Each structure stands twice: as structure tokens, then as C-alpha cells.
Amino acid sequence: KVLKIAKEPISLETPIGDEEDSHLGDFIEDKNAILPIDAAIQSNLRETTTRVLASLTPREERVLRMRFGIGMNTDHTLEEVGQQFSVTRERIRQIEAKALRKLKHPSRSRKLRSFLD
Amino acid sequence: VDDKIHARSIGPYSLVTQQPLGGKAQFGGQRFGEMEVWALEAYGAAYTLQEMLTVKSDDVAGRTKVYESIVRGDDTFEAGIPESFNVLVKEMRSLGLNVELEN
Amino acid sequence: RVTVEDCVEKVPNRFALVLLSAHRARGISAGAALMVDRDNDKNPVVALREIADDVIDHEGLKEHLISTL
Amino acid sequence: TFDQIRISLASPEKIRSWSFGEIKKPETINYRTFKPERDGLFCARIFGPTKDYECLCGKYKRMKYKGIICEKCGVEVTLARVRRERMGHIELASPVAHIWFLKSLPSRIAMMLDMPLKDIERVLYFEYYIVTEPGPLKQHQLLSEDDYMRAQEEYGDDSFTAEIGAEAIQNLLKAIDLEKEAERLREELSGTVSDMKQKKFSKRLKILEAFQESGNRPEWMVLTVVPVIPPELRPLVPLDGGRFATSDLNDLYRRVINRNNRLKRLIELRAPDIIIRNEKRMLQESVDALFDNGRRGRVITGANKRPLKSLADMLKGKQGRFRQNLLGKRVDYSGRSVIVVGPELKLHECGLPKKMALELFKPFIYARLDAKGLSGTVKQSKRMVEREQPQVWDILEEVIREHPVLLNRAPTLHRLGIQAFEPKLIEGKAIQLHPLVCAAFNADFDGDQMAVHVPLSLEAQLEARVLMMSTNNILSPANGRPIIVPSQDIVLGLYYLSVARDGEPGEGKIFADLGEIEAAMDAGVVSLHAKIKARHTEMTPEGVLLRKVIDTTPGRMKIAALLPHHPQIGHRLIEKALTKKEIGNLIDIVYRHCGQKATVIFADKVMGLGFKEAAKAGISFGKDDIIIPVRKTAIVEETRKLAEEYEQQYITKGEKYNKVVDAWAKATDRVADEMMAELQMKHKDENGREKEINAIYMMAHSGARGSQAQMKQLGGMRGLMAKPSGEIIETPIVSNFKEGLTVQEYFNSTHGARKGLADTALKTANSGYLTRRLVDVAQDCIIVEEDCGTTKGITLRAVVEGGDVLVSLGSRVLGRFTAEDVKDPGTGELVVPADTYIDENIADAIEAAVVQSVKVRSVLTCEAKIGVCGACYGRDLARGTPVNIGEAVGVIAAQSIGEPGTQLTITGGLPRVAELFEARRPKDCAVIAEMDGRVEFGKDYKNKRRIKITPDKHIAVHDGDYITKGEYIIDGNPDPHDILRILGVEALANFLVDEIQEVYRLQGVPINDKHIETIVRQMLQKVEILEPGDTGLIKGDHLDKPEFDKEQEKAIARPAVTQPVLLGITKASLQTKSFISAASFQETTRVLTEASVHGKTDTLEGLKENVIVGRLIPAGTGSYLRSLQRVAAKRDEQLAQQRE
Amino acid sequence: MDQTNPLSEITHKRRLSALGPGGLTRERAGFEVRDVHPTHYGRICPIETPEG
DNA sequence: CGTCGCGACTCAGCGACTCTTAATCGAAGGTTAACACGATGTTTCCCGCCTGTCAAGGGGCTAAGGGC
DNA sequence: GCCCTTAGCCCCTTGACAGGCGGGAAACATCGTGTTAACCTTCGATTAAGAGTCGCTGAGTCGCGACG
Ligand SMILES: [Mg+2]
Ligand SMILES: [Zn+2]
Ligand SMILES: [Zn+2]
């Protein structure tokens, strides 16, 4: 581990060809910039989830969304989402398991079978 | 024609400017230069220049928006401040200049 | 398929023929183009083809949309 | 939103407000873990988290918290985008002078208190101490020895203090006040001679008014705290191989942090006074190199040997806002493929490879699959098109139906370089481009990658169909000549179809219809030599014309049937040989009289017709094609014998010139003329019918690829080769390319041709530079007003040399609104009204009678406040219709002027145009007379006769002769600056236009006059303010200032008058109102300082400003949308006025 | 090393580049050194040269 | 009745930004005093709280079959 | 055809784990300091074989007049 310790970071403005044009900084990729395709699957995963949740129970869909968070980013735990609906107990976990096993059929989970990859 | 052909709707973008990379190395895009942007500037195609160098390449917050819009079906876009202008104002702000937007 | 010289006689600016035509195509996206048949054409081409009957009507709607609120 | 970007001096308090944490350690990340340090160039709590909503130490990486800050790391959780916007600051232990203001052409730091930069640079480097608060010890004494510091201080040990360095210069700037200094300089500028001191007093007063008006304090050029660029701009991404790729700015900021830490440790340690000041000097040099790095000793990185770029070095070269960042954005949704001929395609349809259409129309394919219902989700669609399933190809042909794609050739010299085409999903992997359109592109098919672009928006997809379509780009913007004319093959086919010979089968065999000609040709009764009679409708008069039996030919009837039915056109145009010039005039007349739809359809038909009649003709080049003149050996022998008769006795230069000019330079056109005469003669076979015309002669006469010079070089004498200095070779070179050239003659040929080849690669760089200067000087020249209230216009006279006309007056005035009604000579009849468009009919009526120059409204006489007018630019060169508001007139003119480049040429063609546009003084500066009648002698013994005033070196006038204004003493090459100082502005404009036209005619590229008129107008945007009161500025100034300043002075009273000054295209950005337009292509270290200290705010009125800013361009569709936004704002204001 | 074919290797090995360290760069050349002198005859080819 | 005592004067001189427009392929080499506590992180398990199984039991609701 | 009786499904109550983020406690690899005293008290590149111009400086030549 001593060797291979980034001995000398090469300058990002170094030339790449026979001339001083198109330096290395213009050829480095981006491992953090969200590509537009990956954002497309994000928006559609927001649309494809709102459609699958529209078939569930209204209160059940609300508690399932609160379990993860579609509009609200505050991902609540089982008990936290439990207090918002009824007595915080295994009933919330039971309804969550029932909903999860609900949209696993070829009818509801049809457009999502090719979504998880 | 094989080693010279190229087509990349959206490839890996750069870091200093958040622009699509150049050349056929990794899904590059044909750089739209000052002398090649003047062709549309002299033309009445200002919406293209308001989307080819504003929302197409250098808008990390607008590129994904325009791609989602094109995928949805509506050919509408929006791009106020490109990443090129952002990095330019950040570099100018690095010196003793007071480059700062208003109204 | 439709040229600009055939439809620029009604809009002798060549830029209103673009913005108004794009607005007409966007309206066709929500239901429009009751003047000419599509003939298996896209929205911009059909808007340019039917621009001979909506020269002033398209500019007014675009101007109203440009206004805030 | 945002608008009106303004720059000024960065206050230390404002710099601290911009930053989020003071960096005190030159450590980017850790060697073990690749995480940002606590306080360094790469910080988490200072510039934001490195991951999207993932705080440090894995504490708030769930995204549930968005404004919560960490406890141990102190970094606030936020997406990675904030790491690129968050700035930083380095509070230096000692101040540092800005490199842009300290070391530059105008010493902005030296202009304060009137101290030269040579001493300001010494007082900053701690070499010569500066005195402050004097009270012996004169103010600004600039003493360095300790004698006056300590020995001279023995006067009581009271009131003795002085500083040195950046802190000293900052205190000096703080001491000087803007208002008092400006008031003191005002009285020092008026009521005095101001011979030499005025040159500095003007700049000092300008800087003081900029600092006072903008509100910037004078002591802000030196900055105690330096802002750091965000870490995302200078990245440290781990490259493949474990070797980090740190940006150039990272090393400079690390050096600056090291210098600051060393200075802080030295000050807290109480180091020696020579080391702390030396430490401050090192920190100052580091901060200088971190900003510009050019004014200093070019500090190189410790690892690499290349000169490290800085915040200024980035903006200067192409790798910053100039080319790489803002203007030349590497736009995605694009494609580059080698192009192939597309003759099976229409003129508005370009071939697109199937392997490229998928990668180009991926989002459009996804949308079509989602709307059609073929794919359930976007991920499933991407999985479908990624494998190139057979069901997606049917959707690709459906999505690409009316969606034009921008075809971008590698080099573009005008607006026709980007033409949108309705793509066709052709096989292979090459862009099937139309043959007629590639001539406008400048793209042959010998290998030319045409970058294809796809407009995403519904307006851009529609904007590429109304303006960027190939059918709308028939007439080139350079002049009124169609650029869709057949270049090589279609022109050859039409020439073969139009060549008529009296001997051929089927002589005078009258035919019924057009199909009868082809039916008889397929039966072998009538040939294609165009010598048979038939019927055809010419359609000359009003309404339909009867099918008159014309005495024309069958070959010219195949092209005549393709001509649209309309008066003023028909078979009368095809009666000629139908060469390239004639075929271009035919495509011009069909567009000049008929519409664009019929013009484009005729171009499409004639290309297919010419192609079908060229392949069936057999135009292959052969050995007997290039026929060497049989009367060539005898003439060569007689020439070489005449070259020896006078050489016996011998001056050697005279004999050589007689043997190279009159011997070889002369009679080389005689042999070429004899070859052309022997090639023009149609050989008649034994059966009374001519065998055939030579294919090379057909190519030379039709204008496809031949020419007289090329003919002589191929089969003629080949001329005489050149030399490195330009001299003509004296040795005999008698051999054509059809014959075998020996080693010496071919070596001379490759010695003379490599010069032209380098000119094609070296002078083209000058052409690109001139085009870049023109588009950035003419960017503001945008047509905004349809008709202005002006009546005066430039006079357009048909240029003539010798005894013939060089350019027809009807062509120079065509497409320009007249200022005054032109009166036909002889009889006082109004042939053209005063303020109406000059149509082609009006131009023909004007040229019908010989007339002098006609008063024509041009962009120069535009009285419009902003941009250019519509009734002055005249007719747009794209089509026959008049120019419409919103067109980038200046950009179009710049492209039209840059298009003749790469084939121009010192003062030959390209350098002369560059010298005239930049308005530089030639090598022989001419002096205008301005005197009327008699002229006296100048002063006594002053080395030259400057000027003689009589109110009532080499010389070309007398001492008592009556001299008239206009005749100036010079051996040639006058000066435009003197032309404006002495003669009017319209005269300078006419001179520049005539010079550019003469250059382009000597080279052969005809350019419209208005394209030079707009450039000349943009060069005249500055006017020297000679106002005696209310304004102390005498140098050049933008015209908007006299439009506003001269109007404000009248509301207080002294009359103000300003004479217009002409500056080069490169100097347009030096005094332009906008700084982004000037800081784009010009030097970025002077215009920014000229705009920073001046507080210049970019109103985004120009085109280059909105392009860099990213907003919509104020020209074209963007111009119309800006007009709609303005009218909507007016309507909203009217509505608000209704409800109080 | 242009090794597309045996001629490319030979022409690349027999390539006298006036640029690089110790000589004029691509911009430093100018229209003077980009010409062919008479002494180039027989020692350096005047036709085979890059077009860029 | 000359010049020189004493002043400007413009002339030279010296420094200095760019190299069209898309493109042919990705990384890229050195510099070599020794030791010591201390305060400072780094890394492992270990229980605390809590989360998640399935089961057991049961009842309560729903529904289906049989009898009058 | 309706009411009574019994079976199956759904739901509720407990629970014996299983381990699992995470601070603490501890064993162990960092990171900034010192400290030693045997001899040298100016190291070194790097343009400079094209080209249009911005910003400053300092020499030789003249007028205006005074004192012999
Ligand atoms: Mg070509
Ligand atoms: Zn943290
Ligand atoms: Zn005008």
C-alpha cells in the first residue's frame, strides 16, 4: 500500500496530441454527473410507482409511500410510519408485506419486470 | 467510415465544464464552436443556439429536463444558466472581479 | 415536405413563421389543426402547412402566453 | 431569473461573503482515504459534500436531512452540485497586488496618484521603500536606504513613519480619494495646453470616474483575501491507473496557500524584516501567477515542465470561455460520419446511417415507443434500442419523417455550413449528402466528416425546417448567386445535353411532345447532339402561352421541360451552351422570377437529369482527351532559339527578363491558345458527322472542373514555376502533364506548388482570424427596425477599370432601398421611386439606361439607435425577398467576407483586406490635403511640411500651385484614419468597399457590398468627443454616449459636437459597451480590467453576450421572441395602469 | 509510429520533422520554412508532405 | 549685436495577445541524514434497542350445508 | 324457502430468536513536533529562424531673453 499512493498527480491541462490542443482536462469523464438517461428512468420510476400505488388502498398507499417517501424525502421507519396511521405495531408491517406481495403479479408488476434489470 | 462514424445523444460529460466529451473516445459529441455557432447566429435559428449551447450540452439541471421532456413526448425545454457560464463566473469570481448577476 | 416560400407569403418575416408555427404545433399537441389534414406529417410540418390560415390568430395566442400570469 | 451581468472590483468583505470557509492548509485529500481535508483546496465543510446528499463520516448519507450540518466533520449535507458553486477565500497575512491591474498594458494600479508602474512595481516587491505622511522626506520620495529611515529620523523621534510593499500600496490607494482627484484633474485638463500630460490625465480621469461612478473603492486592486475557485471546477478525479489528474489551478492554489501559511508563521515567529518582506514578495508572485501567470516569470509546476495555466490563462486560449467553455460547446445529440453522394435523395433530404440514427434519436425513439405503446417503460425501451431490435427500425423511420437534422461540416465559412435536412434512414454508415448542397457546404466527397446535429425542442426542430433547410439556402449569403448550382457532374451533363452540332442523325425532324424526343432516341433515329426540332411551351408573355413549334434542340428540351412555366423564363435561357456560369444564372433567374419551391424542384430534377445524361454520355478522361497542340514543338523551338540570339552578347537581368517574360512568360499563352483553338474545333468524320467533343474541353468550357490555366498546365506549356522569394524561373520548362516531365522541371513545379499549398494551409489561418474578428465586430449589427426615419444614404457607383465595367451597376444596387429617387439621364423621368425596394425589375429598368451612381440607403446611413435598420440593409442575400427584422446582418456579412478566404492572395488579397479592416496605417502613410486652391510652405526646419493653413520627405505638390481637396501626396496605399480625419465618413466607407471589391475581384470571389457596409458601420461605432464642456473625454467613445450625453447637456444649458472616428475590427472590443462581447475573442486581461474597474455591466443586448450567457440570442427567432417579450411587458404595464 | 503498412513504417522512419524539442514548433514555422529550397533536390522529397 | 542659460518638443526606443473551423488514439518520468514520546485517529467485538421472521394459541367474521 | 349449526379464512396476542448500527473500551498504525552539533556561506534555463498592433521611457534639435 505504500507504493501506488498517487506519487504525482498529472496536470489536467497537459497536451494530449502532437500540439497543445485538446488537453487531458477536456477528455476526463464524469463519474458523478447524472446522465440524462439515468434521470429518465428516475422520472419514469416516479411515474411507474405512482401508477402501481394508485391501485392499492388509499390509506395503505399513503402509509406505503410514507415508509419510503415519494414526495417527502424523510424516509420513516416501520414504527414512524405506523404512528401516522394507526397504533404503531406489527399491523403496519403486516400491511406493508401484504402490499409488497400484492404488486408482484404479471398484471400489476408488468412494466417493472424489465425495470429492475 | 467505421473508425470515423460517431453518434452520441448523451455520453460521459467533462468535469471542469460539465460538457459532453469530445472525439469518438467515449460517446463524444461534435463540438459546436464559435465559428460553427455563427452559422446559426447569422441564421434566425436562435432557439437552437438557446438549446444547443444552453440546454443540450452545458446544463446539468437542464439537460436531464430536456431529455425527460423528449422522452415524455413534449418537445419543450428550459435552460437559464448553463454550466459553462457558471464555471466562467466562478473563475472570474476567483480573481478580484465582481461578476455577479442581478434583477 | 412543405417549403417555406409557399407559406412565407402570409408571414413575410420568416421568424414569426417559426415561433407562431411552433405555438400552433404545441396547440395541436393538445388538439388543433382543424384547417388542413395531417397527411401523415409531424407537428412542425403540419403547422407550417396550415400557417396560411392562422397568421394572425397564432401570434395573438403566443403573445398572450408570453404575458405573465 | 437573471439579467444585466455586471463586474467590478471584488471587495475583501464581499469575497469573504462569497466563500464558505477560510482555507489555511495546502492539503487537498488524504493519501490513505480519498476524502477532502479539513481546511484545504478540497474541503467538504467549506465547499460542500463530495457525494450527492451524502455527508462526511457516513452520518447523514440517507438524504433525509438537507440542511443539517455534521458535528465531527462540520460539513452540511447537500448534493454535489453545490461543490461547484461554493467559493472560498484565503485571508492572506499580507496584501497582494492583482496581476491584472499591476502588470498589464495599462497600469491600473499605477494610474492611481500618478505614479509610473516602474516604481509601483518596485515599491510592491519591497525593493524601494515608499514614504507616507511626509513632514526633507518629500511625498513619494521612494527611498530604499536606511540612512533617511534611521539616520535622518534623528529629529526628535516624532512624526516619522513609512511603509513598503503591498500594504504600502494599499494604504496609498486608500489615501487617494476619487472625488477630489477627479476634481483636481478636471481643472488640470481644461484651461491649459495639455500637450503631453493630457495623454495620462485622460486615462486617470476615466479610471477615477469609473471607480467613483461604479462605487468601487480605489484600494481594491490589491486584495488581502484571494478567492479560490470551487473544487469541482479544478477537479482531482482519480484517473485510470491510480494516478490522480489534478487541474492546473489546484497547484497554483496550493502554492498560494503554502506562501500564505509561511507568511503567517513568519509574522507570528517575528522573522527578520528582510525575510517577512521577502515572504510577502513570494506570496505576491504566487498570487500573480495564480491569476495570469504570464506577466510573471512563468512559474512551472513541480512535476511537469509545461507552463501552468491560471484563471487568466484559461480565459485567453481556446480551452476557456473563448472556445472550449462557452462558444465552442461540445454539444451532445450529434454525430460525425464520412459523407457520400446522395443523388437518389431529394435536395431537402440527407442520408443518415441507421447505426447513427438510433444513437442520435434515442430520446425521440423512446418517446415514439412510449406513445405507440410498444415499450412499457423507459428502461425497457433503452433495453430495446440497445440491442437494435427489428421492431425499433420501423419506429426510427417513423420518428425521422419531418425532423430536420443540422448537417455541420468541419470548416464553416458562412451560414450555409449548417443546413438542416430531413434525414433518410439509408443503409451503410455514411451520411448520404445531396450533390447540389455539398457545394454550399464546401464539402466534397473526397473525405469530409459532416457533423450531424438533432434539434431537441419543438421550435428548434421547426426552426431547422423554416430557415436551416437546404431548400431555403439556395442563394448563398455572399451575393445574389444561387449556391445550389451544379458544381461538376450535373453541369457537365447539361453541357453535353446543350452542345448542338449541325451534323447528327435526325436533322430537323419535328417532334410532337417532349416524350417524342426520348421515344425517337430510344429507337436510334435521333441522337443527343441537340440538332432536332420539336414542340415546347416557352411561356414568355402574360398568362399561358401556346405550344409554339420552336427551332430548338432535343438536348436543350430535356432541360427546358424541367424549367417551371413562368414569363421571362423558358427555352430562351437554355439556348446557350449551358455552362456552369450559365446554369447558375438559370437557377438564379428561376429563383429571381419564380418561387423557391419551383426553384428547388427544378434543381432536384436537373441534378437527376444531368446525372442520367452524364453517365449515358461517356465523359471518361482518356489519352486522346487532352490533345497536345501539334503546333507546339515548332513554337517551342522558335522560342528557345529566340532566347539564345540576344544571349550571345550578354546587362544580364535584362536579357534574362527577355528570356523569361517575352520568351517563356510570353508564347506560353500562345501555345495554350493554339491548344485551345485545336481543341475547340469539332472534328467531322468521313460520314459528315462530327465524331465527338473532347471530354477535357467539355469540362473546361462548361466550368465543372476545367479552366484555361489548368488546361495550359495539363496539356499546354505548363507556364513557369515560382521561387521562394516570388521570382519566376528562367530555365526552359517545356512539358505538359500528359507528357513525361523530367526531374528538374517537376522539382520546380513542386517548388512553386508547395508555396500555394502552404498558403491553402497558412493563409487560411489568417482567413479564420479575419472571420473571427468580423463576426465579433458585426455581432451587434442586427436588423431590428424595419424602416428608419433617415433619408440620406450611401452613393453606389458601378466600379469601372479602363473602358469597361467591372461590376454591373444593376447588380451592385440590386437588393438595396434607394435613398433618393434616381433620375434617368437625358429625360427627367422618375425610373425608380424614392423609398421603395429595388426589385430585379427595377434593377433591369435602371440598367436599361446608362446612369451614374444612385443614392442607396445602406447600413452606414442608419439613424437607428440600436442595431441596423431594414430599409437600409436592403434585400437579404438568402432569397429575393427583402431583409426581415431579426436577421444577424453583421454575422451574415462577416461570414460572407470570410468565405473568400482560404483562396485569397504582403498586400495581396488577404493581407490587404486584413489591413483595411483593422484600419492600420500602411507602410507608406498618405496625408490628405484638405486645402483648396493655393498651398503654402510649412514651418521652417521642422523635418517635414505638416500642414498649411490659408483661411479665406517625398512631396507631390508645388509651392504655389492651386491644390484641390482630395489629391493627397502618396505613392499608393492611402490611410483610412486620415481619410476619416480629413474626408467624410461616407467617403471612407466607399473607399473601403471599393478596395474590398477590387481585392475580391482580383482573387475572383464576388461579395456583396452590403456585407462590407455592415462591417464598415460596426467599425464606425466610436466617435471622438470634442466637447469643450460637460465631458472631459476626448478619445474615441461609443455612439450611444453622444446619443445620450449630447442630449443630456442640452437640458442644462454648451453645444456638443463629436467627429466620428474609425477603428479596426480588432479595436471594436476595446471601447465597446459590453464586456462579455469584448472579453470573448479579445485579450481577456485588458478588457476585463477595462470593464472591472469601470464597472461595465453587460446588458445582453448583443449576440455574443447571450451566447456566452446561454440565454436566447437577440437575432432571428430569438429576436422575434425578444420583440414578443417586449410587447408582452408593454401589455402588462398597460394592464397594471388600468388597475392603478 | 505510423505502422499501417510497410511503406508507412519506412516513410515514418525516413521522416525529417522540423518540429519538436530543439526546433521550431508548428506555429513557429511560418511561410519561410514551409517552402522547399533548391538544395532540397535529391536529399528531401518536395511532394510527400503532410497537408495539415 | 552674436551666443548660450534655460526650457519643451515630438521622435525614436523598449515592453507585448493570437494562430480558423470539426476531426486521426490514452496513458505518460525524476528526489533519496536518523529517533522519540505524545496526541490522534483506525479498526474489532460487544452489548443496547430495535428492528423482522414465522410459528403457536385463540376468537370473530364470513360463508356453506342440512333440517323443518 | 328460511333458519340453525358448523367449517374455513381473516384478524389479534406473544414470542424466541438474529443480527445489526453504533458508542465504548481497548490494541495499534498516524502526524505534528522536536533534537544532533567535527569540512563547501550564490543553484540554475532559455527563448532567440512569421506576424498586426497597445503601454511607457529617454536623446538631440529648436524658441525667449540678459549681460558685455
Ligand atoms: Mg471535399
Ligand atoms: Zn459527517
Ligand atoms: Zn437605417
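Residues numbered from 1 in each chain as written, not as in the entry; some residues may be left out. Chains lettered and ligands numbered in written order. Part of a larger assembly, values for the part shown. Heavy atoms only, no water. Residues with missing side-chain atoms left out of burial classes, pairs and counts.

Asks: Would you explain a negative patch on the surface in this entry?
Replies: The grouping of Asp177, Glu179, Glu183 and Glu187 of chain D at the surface amounts to a negative patch. Here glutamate 187 of chain D shows up in helix α8 (residues 178–189). (Patch = residues over 30% accessible without salt bridge, like charges linked within 9 Å, V, L, I, M, F, W, Y side chains within 5 Å. Areas by Shrake-Rupley, 256 points an atom, 1.4 Å probe, with all protein chains shown as cover. Salt bridge = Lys/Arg side-chain N within 4 Å of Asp/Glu carboxyl O. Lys, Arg positive; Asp, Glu negative; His and termini not counted. Charge placed at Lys NZ, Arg CZ, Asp CG, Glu CD. Helix = DSSP H or I, 4+ residues; strand = E, 2+ residues; numbered from the N terminus.)

Asks: Would you mind showing me how to read the sheet that holds strand β1 (residues 3–6) of chain D here?
Replies: If you walk across this open sheet you meet the 3 strands as β3(B)-β1(D)-β29(D), and the pairing is antiparallel. The sheet is open, and its two borders are formed by β3 (100–102) of chain B together with β29 (1097–1098) of chain D, each paired with just one other strand. The pairing of β3 of chain B with β1 of chain D spans 2 bridges and is classified as antiparallel. Bridging from a neighbouring strand, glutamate 102 of chain B pairs with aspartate 3 of chain D of β1 of chain D. (Pairing = 2+ DSSP bridges.)

Asks: Mind showing me how you'd approach the protein's contact with DNA strand G here?
Replies: Taken together, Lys98 of chain A, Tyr31, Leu105, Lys118, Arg920, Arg921 and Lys1067 of chain D together with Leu24, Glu27, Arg28 and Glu32 of chain E form the complete shell of residues around DNA strand G. Restricting attention to atoms of DNA strand G within 4 Å of the protein, one finds that 72% of them are sugar or phosphate atoms. In this structure, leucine 105 of chain D approaches DNA strand G through a main-chain N or O atom, which is 3.3 Å from a sugar or linking oxygen. Contacts to DNA strand G include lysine 1067 of chain D, whose side-chain N or O atom sits 3.5 Å from a sugar or linking oxygen. The residue makeup of the surface near DNA strand G, split by class, is 3 nonpolar, no polar and 8 charged. (Near = heavy atom within 4 Å. Polar contact = N/O pair within 3.5 Å; in protein donor to acceptor, adjacent residues only side chain to side chain. Nonpolar A, V, L, I, M, F, W, Y, C, P; charged D, E, K, R; others polar.)

Asks: Would you mind going over the coordination of the magnesium ion (ligand 1) with me for this structure?
Replies: Six octahedral donors around a metal ideally sit at 90 or 180 degrees from one another, while four tetrahedral donors ideally sit at 109.5 degrees. Residue and element names in this part refer to chain D. For the magnesium ion (ligand 1), the full set of protein donor atoms is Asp444 (N), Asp446 (OD) and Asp448 (OD), at a range of 2.1 to 2.7 Å. Each donor residue of the magnesium ion (ligand 1) belongs to the same chain, with the gaps between them written as D-x1-D-x1-D. Under the relative-accessibility criterion, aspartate 444 is labelled partly exposed at 36%. (Donors = N, O, S within 2.8 Å, 3.2 Å for Na, K, Ca; no water. Buried < 20%, exposed > 50% of the residue type's maximum accessible area, 1.4 Å probe, protein only.)

Asks: Just to check I follow, could you spell out the interface of chain B and chain D for this structure?
Replies: Often, the extent of an interface is quoted as the loss of accessible area upon association of its parts. Every contact between the two is made by 80 residues of chain B and, on the other side, 114 residues of chain D. Where the side of chain B that touches chain D is concerned, the elements lending two or more residues are β1 (7–8), β2 (31–32), α1 (34–42), α2 (46–52), α3 (60–72), α4 (83–94) and β3 of chain B. Element by element, the count of residues in the side of chain B that touches chain D is highest for α4 of chain B, at 10 residues. Counted by class, the side of chain B that touches chain D contains 40 nonpolar, 22 polar and 18 charged residues. (Contact = heavy atoms within 4.5 Å.)

Asks: Got a minute to help me understand the sheet that holds strand β2 (residues 19–22) of chain D in this structure?
Replies: Sheets are built from strands that pair by backbone hydrogen bonding, the pairs being arranged parallel or antiparallel. Residue and element names in this part refer to chain D. The strand order β2-β3-β6 describes an open sheet built from 3 strands, whose pairing is mixed. The sheet is open, and its two edges are formed by β2 and β6 (222–228), each paired on a single side. When strand polarity is set aside, the average angle formed by the axes of neighbouring strands in this sheet is 40°. Where strand β3 (residues 87–97) and β6 come together, 6 bridges link them in antiparallel fashion. Residue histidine 89 lies in a different strand from β6, and its bridge partner there is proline 227. (Axes fitted to C-alpha atoms, helices over the stretch in contact; angles between N-to-C directions.)

Asks: Explanation requested: helix α11 (residues 273–291) of chain D in the structure shown.
Replies: Residues spaced three or four apart along an α-helix face the same direction, because each turn holds 3.6 residues. Taking 1.5 Å of rise per residue, the 19 residues of α11 of chain D would be expected to cover 27 Å, and the 27 Å separating its terminal C-alpha atoms lies within 8% of that figure. Where α11 of chain D ends, the next residue or the one after it, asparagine 293 of chain D, has phi of about 70°, a positive value. (Expected span 1.5 Å × (residues − 1).)

Asks: Would you mind going over the packing of aromatic side chains with me for this structure?
Replies: Residues and elements named next belong to chain D. In this structure the tally under the stated criterion is 4 aromatic pairs over all chains. Between the aromatic rings of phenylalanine 34 and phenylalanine 244, the centroid separation amounts to 4.5 Å while the plane-to-plane angle is 85°, which identifies the pairing as edge-to-face. On the basis of relative accessibility, which here comes to 6%, the residue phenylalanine 244 falls in the buried class. Geometry around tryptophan 18 places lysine 14 over its ring, the cationic atom sitting 4.9 Å from the centre. Over the face of the ring belonging to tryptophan 393 we find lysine 354, whose NZ or CZ atom lies 5.8 Å from the ring centre. (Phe/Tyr/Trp six-rings, centres within 6.5 Å; stacked < 30°, edge-to-face > 60°. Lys NZ or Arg CZ within 6 Å of the ring centre and 35° of its normal.)

Asks: So what exactly am I meant to see when it comes to the coordination of the zinc ion (ligand 3) here?
Replies: Residue and element names in this part refer to chain D. Every protein donor of the zinc ion (ligand 3) is listed here as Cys788 (SG), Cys862 (SG) and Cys872 (SG), and their distances to the metal cover 2.5 to 2.7 Å. Donor residues binding the zinc ion (ligand 3) come from one chain and are separated in sequence as C-x73-C-x9-C. In this pair, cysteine 788 is assigned in the loop between β19 (783–785) and β20 (794–796) and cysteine 862 in the loop between β23 (854–856) and β24 (868–869), connecting sequence segments 74 residues apart. Just as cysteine 788 is buried, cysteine 862 falls in that class too.

Asks: Before we go on, may I ask you to explain the UniProt feature "binding site: Zn(2+) 2" (unreviewed entry) in chain D in this structure?
Replies: Residues and elements named next belong to chain D. As recorded in UniProt, the sites labelled "binding site: Zn(2+) 2" (unreviewed entry) are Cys788, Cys862, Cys869 and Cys872. Taking the farthest pair of C-alpha atoms as the criterion, the annotated set spanning 85 residues converges on one region, since that pair is 8.1 Å apart. When you line up the elements, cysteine 869 lands in strand β24. Judged by relative accessible area, which is 0%, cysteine 869 ranks as buried. Excluding residues within four positions of it along the chain, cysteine 869 makes contact with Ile783, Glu785, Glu786, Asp787, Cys788 and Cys862. As for its placement among the helices and strands, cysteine 872 is situated in helix α33 (residues 870–873). Beyond its immediate chain neighbours, meaning those up to four positions away, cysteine 872 contacts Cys788, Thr790, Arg857, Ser858, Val859, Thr861 and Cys862. (UniProt positions renumbered as here; feature names shortened; annotations may be inferred.)

Asks: Is there a simple way to think about the packing of helix α2 (residues 58–68) of chain A against helix α4 (residues 90–102) of chain A in this case?
Replies: A packed helix pair is summarised by two numbers, namely the angle formed by the two axes and the spacing between the axes. Residue and element names in this part refer to chain A. Orientation of α2 relative to α4, taken along the N-to-C sense of each, is 95°, at an axis distance of 10 Å. Between α2 and α4, the angle falls in the class roughly perpendicular. Contact residues: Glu60, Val63, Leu64 and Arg67 in α2; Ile95, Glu96, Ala99 and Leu100 in α4. Here the contact of α2 with α4 is built from residues that sort into 5 nonpolar, no polar and 3 charged. (Parallel < 35°, antiparallel > 145°, perpendicular 65-115°, else oblique.)

Asks: So what exactly am I meant to see when it comes to the UniProt feature "binding site: Zn(2+) 1" (unreviewed entry) in chain D here?
Replies: Residue and element names in this part refer to chain D. Residues given the UniProt feature "binding site: Zn(2+) 1" (unreviewed entry) here are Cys55, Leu56, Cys57, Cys70 and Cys73. A stretch of 19 residues holds the annotated residues, and the largest C-alpha distance among them is 8.7 Å, short enough that they meet in one place. With respect to the helices and strands, the residue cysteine 55 is situated in the loop between α2 (44–47) and α3 (82–85). Once you skip the residues sitting within four places of it in the chain, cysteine 55 turns out to touch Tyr60, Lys61, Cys70, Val75 and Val77. Mapped onto the elements of the fold, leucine 56 is located in the loop between α2 and α3.

Asks: It is not clear to me how the arrangement of the chains should be interpreted in this structure. Could you clarify?
Replies: For this structure, the chain pair with the highest number of contacts among 7 pairs of chains in contact is chains B and D. Between chain A and chain C there is no contact, and the shortest C-alpha to C-alpha distance separating them is 21 Å. There is a gap between chain C and chain E: no contact, and a shortest C-alpha distance of 40 Å.

Asks: When you look at the side chain of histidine 1094 of chain D in this model, what are you seeing that I'm missing?
Replies: Here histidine 1094 of chain D is to be found in the loop between α41 (1087–1092) and β29. Aside from chain neighbours lying at most four places away, what touches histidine 1094 of chain D is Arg108, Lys206, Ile207, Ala210, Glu213, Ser214 and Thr1089 of chain D.

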